């Protein structure tokens, strides 16, 4: 309808955070989303999200995780919406047989993070609702916890809008026109121009980045979570049951304690169906794996939470080949910033990424080390049409 300093396409986890950072600096910003964030068609719903600090996936991750934590605490003080609860996060697995646990312990050591190390019966004794074999070891992070993701996006949106940011909802971006001095987006509701463009369309990045002459392999996955009736005297946040992410023989699982009797929430991380974001079946239970994969874990490790399925949710992961993020400037256009391939573990960093995206869009650089997320890295297999 007119000109803006910056346009953000995809106002979800990353986009809304970037929008808040931009608006706070007085930048005329327009955020465009295919739906009305927060919504249940992308990758940010399901009430809760785990944030961990002892990130062994990469050292560059820890600093970003710590900065994000501080930013989440800042957001908590600015809005009336609930943002974070310090449940702590438990990580366990078979001794000497889990690379996830090992790297977590290494990360904790290298960055001097505060953690408790326990093994075997010690785990079961500290948290009654958990039953693990004696050959299992664990690392507990008391200072990390759970974020209320929908509240996070809602808060960033309200704060951004109060400062002048415009949010155009139910508007799908269909094409881009990039020039060395400006950008333009085309939608069924009209075309818009700006000096800078931030692209953060989540799972849809796999289908539309080609419009920006980018040929990066991105694979969307259907990932479900289930809420189970549980023994509240053992799995409630009120009795200090922690959030968790563990590695067992058949893969990685993550879960949350019951909040206000909502029940324990569990998800299987290593498996999901390869899908197209436009034809994905968003109904939980249509595949036998949806529920069976979850109960298999519960009856073995948390029997007291293997109750009636209270509710399920379908959501998406967007993976890169190396499972590391993509946060960088378009290789050919310095006025286009790309945020994609969060591979199922990016929400906890959304506050920090919002800061990174705003810095890149306004100055072409950022104070954070984002070298591991380069769009030019080999393992990615990036090319142009």
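Residue numbers count along the first chain shown, from 1.
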Mean Cα B-factor check, 250-258 vs 174-182, entry values; winner is 174-182
Per the entry, where is the mean C-alpha temperature factor higher: 52-60 or 337-345? 52-60
Quick one: which of 86, 310, 81, 222 shows the highest Cα temperature factor in the PDB entry? 310
For 158, 150, 97, 141, the deposited C-alpha B-factor is largest at 97
Cα B factor band for residue 169 (lowest, middle or highest third within the chain): lowest
Of the three thirds of Cα B-factor ranks in this chain, residue 13 occupies the lowest
By the record's CA B-factor, is residue 355 among the lowest, middle or highest third of residues in the chain? lowest
Mind checking which third residue 104 falls in for C-alpha B-factor across the chain? middle
Name the third of the chain's ranked CA B-factors that contains residue 244, choosing lowest, middle or highest. lowest
